[PDB]
Amino acid sequence: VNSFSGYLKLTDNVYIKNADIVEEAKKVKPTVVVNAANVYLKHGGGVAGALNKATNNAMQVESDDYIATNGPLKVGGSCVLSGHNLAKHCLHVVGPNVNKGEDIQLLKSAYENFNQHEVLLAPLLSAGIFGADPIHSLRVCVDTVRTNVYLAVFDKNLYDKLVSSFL
Ligand SMILES: OC[C@@H]1[C@@H]2CC[C@@H](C2)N1c1ncnc2[nH]ccc12
């Protein structure tokens, strides 16, 4: 039993809700919140910019130190950093940017990072400025993640469409 509320069950282990991941994080304070990051951990907009703003830029300060030490992430890769005031930890995951020419097959690799954590609050990956159709992303999530994932879907029309879709 956990403190997530109002989620619609999609499979044994995947749950979905029309919600802003930032507000879900502030309310639930989960163990792991997933950020939809780029390889430079430059949190400008979308999920990343909104999460970072909610941390008063502390996420960006921590991220810049991480990059200065370790260099950029791989597309499809991840790192665990602090969750600041939003969660115990933040799992920064890089989905492929199809508008950068990056291989959509790397979306499966990106979701594989979720399997290292028993429970996560997460957005759909690659479905923002990275291009990728959200229907495909939800499908990859369901077919890749085996741990318990609570998906926060920002756009209501998109959520309704995802819920009403079989294939
Ligand atoms: O696929 C991620 C989606 C789409 C790309 C950016 C938006 C729409 N995003 C969000 N999802 C969940 N909580 C969010 N809070 C702020 C943005 C946001």
Side-chain angles (χ1 to χ4, degrees), residues 1-39 41 43 46-48 50-52 54-55 59 62-63 66 70 73-98 102-128 130 132-155 158-159 161-163 165-167:
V1 182
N2 56 50
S3 69
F4 293 102
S5 222
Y7 281 75
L8 179 61
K9 184 170 182 61
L10 298 185
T11 67
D12 180 27
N13 66 296
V14 179
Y15 292 84
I16 197 167
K17 186 179 179 187
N18 170 225
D20 186 334
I21 198 178
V22 181
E23 295 304 321
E24 284 297 306
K26 282 196 278 192
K27 178 68 177 183
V28 176
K29 311 215 200 316
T31 304
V32 180
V33 65
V34 174
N35 182 31
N38 56 55
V39 300
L41 303 179
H43 311 303
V47 170
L51 286 170
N52 175 59
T55 75
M59 177 180 287
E62 177 194 33
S63 293
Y66 172 92
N70 301 107
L73 296 180
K74 298 170 178 179
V75 183
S78 70
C79 68
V80 180
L81 291 172
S82 179
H84 300 277
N85 52 316
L86 303 176
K88 187 170 195 293
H89 305 285
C90 178
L91 180 70
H92 296 271
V93 180
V94 183
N97 184 341
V98 170
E102 298 176 350
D103 176 17
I104 196 57
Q105 307 303 317
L106 289 169
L107 185 56
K108 188 172 183 75
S109 304
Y111 278 117
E112 288 172 341
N113 295 288
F114 290 25
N115 289 322
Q116 301 294 317
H117 303 276
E118 288 204 324
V119 185
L120 316 86
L121 171 63
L124 285 175
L125 296 175
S126 293
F130 283 5
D133 189 349
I135 313 182
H136 175 66
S137 185
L138 178 58
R139 184 77 255 164
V140 178
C141 181
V142 163
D143 293 342
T144 304
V145 181
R146 298 177 299 283
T147 54
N148 292 324
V149 56
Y150 289 82
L151 294 169
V153 173
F154 185 85
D155 187 70
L158 174 59
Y159 168 84
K161 173 203 271 192
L162 296 171
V163 168
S165 306
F166 194 80
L167 166 119

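All residue numbers in this chain count up from 1 along the given sequence. Note that these values count all heavy atoms, side chains included, but never hydrogens, waters or copies made by symmetry.
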Between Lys88 and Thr31, do the side chains contain an N or O donor and an N or O acceptor separated by less than 3.5 Å?
no
Side chains of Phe130 and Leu107: closer than 4.5 Å at any heavy-atom pair?
no
Heavy-atom check, side chain of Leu10 versus side chain of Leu138, under 4.5 Å
yes
Hey, what do you get for OG (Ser109) to NZ (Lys74), rounding to the nearest 0.5 Å?
10.5 Å
Short side-chain to backbone donor-acceptor contact, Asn113 and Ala110, under 3.5 Å:
yes
Distance col, row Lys27:NZ vs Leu86:CG, nearest 0.5 angstrom, shows 15.0 Å
For the residue pair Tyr159 and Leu8, establish whether any side-chain heavy-atom pair is separated by less than 4.5 Å.
yes
So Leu125 and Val93, do their side chains get closer than 4.5 Å, heavy atoms only?
yes
Can you name the nearest heavy-atom pair linking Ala25 to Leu121, along with the distance?
N-CD2, 3.6 Å
Starting at CG of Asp20, measure out to CG of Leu51 and round the result to the nearest 0.5 Å.
8.5 Å
May I have the step-by-step check of side-chain contact (heavy atoms from CB on, under 4.5 Å) for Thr147 and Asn13, ending in yes or no?
CA-CA 6 Å; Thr147 54; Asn13 66 296; 5.8 Å; no
Look at the aromatic rings of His43 and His92 and report parallel, tilted or perpendicular, splitting at 30° and 60°.
parallel
For residues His89 and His117, establish whether the separation of their ring centroids is below 6.0 Å.
no
Give the intermediate values and the outcome of side-chain contact (heavy atoms from CB on, under 4.5 Å) for residues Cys90 and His84.
CA-CA 8 Å; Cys90 178; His84 300 277; 5.9 Å; no
Minimum side-chain heavy-atom gap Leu124-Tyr111 below 4.5 Å:
yes
Show the nearest heavy-atom pair for residues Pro134 and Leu158, with the distance to one decimal.
CG-CD1, 3.5 Å
Measure from the side-chain N and O atoms of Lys17 to the backbone N and O of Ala19, and report whether any donor-acceptor pair falls under 3.5 Å.
no
Distance in Å, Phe4 CZ paired with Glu24 CD, rounded so as to fall on 0.5 Å steps
7.5 Å
Approximate separation, where rounding is to 0.5 Å, of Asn97 CG and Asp103 CG:
12.5 Å
Tested for side chain to side chain contact (heavy atoms under 4.5 Å, CB included) against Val149, the lone hit among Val14, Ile16, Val119 is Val14
So, for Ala36 and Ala48, which heavy atoms are closest and what is the spacing to 0.1 Å?
O-CB, 3.9 Å
Closest non-hydrogen atoms of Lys29 and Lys26, given as atom of the first, atom of the second and distance, are NZ-O, 2.8 Å
Heavy-atom check, side chain of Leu151 versus side chain of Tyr15, under 4.5 Å:
no
Close side-chain approach of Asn35 to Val47, heavy-atom, < 4.5 Å:
yes
So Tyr150 and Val28, do their side chains get closer than 4.5 Å, heavy atoms only?
no
Side-chain (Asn115) to main-chain (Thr144) donor-acceptor, under 3.5 angstrom
yes
Report yes or no: does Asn85 contribute a side-chain atom to a donor-acceptor pair with the main-chain N or O of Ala54 at less than 3.5 Å?
yes
Examine distances only and state if a side-chain atom of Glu112 and a backbone atom of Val145 form a donor-acceptor pair shorter than 3.5 Å.
no
Please report the C-alpha distance between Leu41 and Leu81 in whole Å, then the side-chain angles of each, then the deciding distance to 0.1 Å, and finally whether the side-chain contact (heavy atoms from CB on, under 4.5 Å) criterion is met.
CA-CA 11 Å; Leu41 303 179; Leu81 291 172; 4.1 Å; yes
After noting the C-alpha distance and the side-chain angles of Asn148 and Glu118, does the key distance pass the side-chain contact (heavy atoms from CB on, under 4.5 Å) rule?
CA-CA 6 Å; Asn148 292 324; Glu118 288 204 324; over 6 Å; no
Rounded to the nearest 0.5 angstrom, the CZ-CD distance for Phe154 and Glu23 is 9.5 Å
